[PDB]
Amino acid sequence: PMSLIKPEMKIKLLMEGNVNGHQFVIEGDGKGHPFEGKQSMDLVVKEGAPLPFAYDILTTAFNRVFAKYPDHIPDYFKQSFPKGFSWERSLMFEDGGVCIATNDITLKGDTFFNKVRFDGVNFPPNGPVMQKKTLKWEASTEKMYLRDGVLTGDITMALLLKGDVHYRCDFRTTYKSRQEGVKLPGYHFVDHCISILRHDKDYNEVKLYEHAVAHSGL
């Protein structure tokens, strides 16, 4: 595919989730610059407010199209349109918490639509997630490669916690395009930095931003 994605795109998102039994719905309205690998979004909790867990666990669920890919690495994501692609992710936290997030991404006009599901279980009640002790995800480098023919990104993630300590989470995301004839990339990397730019007291309203750049390491 010869991508027709534009330098400026809009984003609409709906997330339905359940973490440690707490049900919630979050709506997102955003935009981004696909070729610059930058995007931002306004998130609003529509059901389940106020959330009783760390908002940070949800943020990476709020689209690799927004990553700056150099010409020498096939861009699986920008090639995946007009039909779109979906992804599945496991988030395994070091204290036993486990989450699964999925997103089905489609395109209508210049807007990407995202149908997101997020489920989390086994978080210790007095742990940093249920006690809202997280400050941010540190920047990261995602390792992209094919597993049984499916593009997969593995990441060593870490949440900085109050008290200046880290809490590790291992990510595995599988990406599946619905577009025919996509050229698959070889082993590569995608640097990321996700940030909550601002938020209200209970995180009912959050401004999120991500910068991502693909590269060949070394």
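Don't overthink the numbering: it's just position in the shown sequence, from 1.
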Q. Are any deposited residues left out of the model between residue 62 and residue 63, and how many (none, 1 to 3, 4 to 9, 10 or more)?
A. 1 to 3
Q | Average Cα temperature factor in the PDB entry - higher stretch of 87-95, 110-118 | A | 110-118
Q) Comparing 169-177 with 46-54, which has the greater mean CA B-factor as deposited? A) 46-54
(Q) I'd like to know which of 158, 193, 67, 184 has the highest C-alpha temperature factor in the PDB entry. (A) 184
**Q.** Ranked C-alpha temperature factor of residue 71 among modelled chain residues, by third
**A.** highest
(Q) Sorting by Cα B-factor within the chain, modelled residues only, which third would residue 141 end up in: lowest, middle or highest? (A) lowest
Q: Would you please rank residue 31 by its C-alpha temperature factor against the other modelled residues of its chain and give the third it falls in: lowest, middle or highest?
A: middle
Q: Within this chain's modelled residues, let me know which third the CA B factor of residue 38 belongs to: lowest, middle or highest.
A: middle
Q | Among modelled residues of the same chain, the CA temperature factor third for residue 6 | A | highest
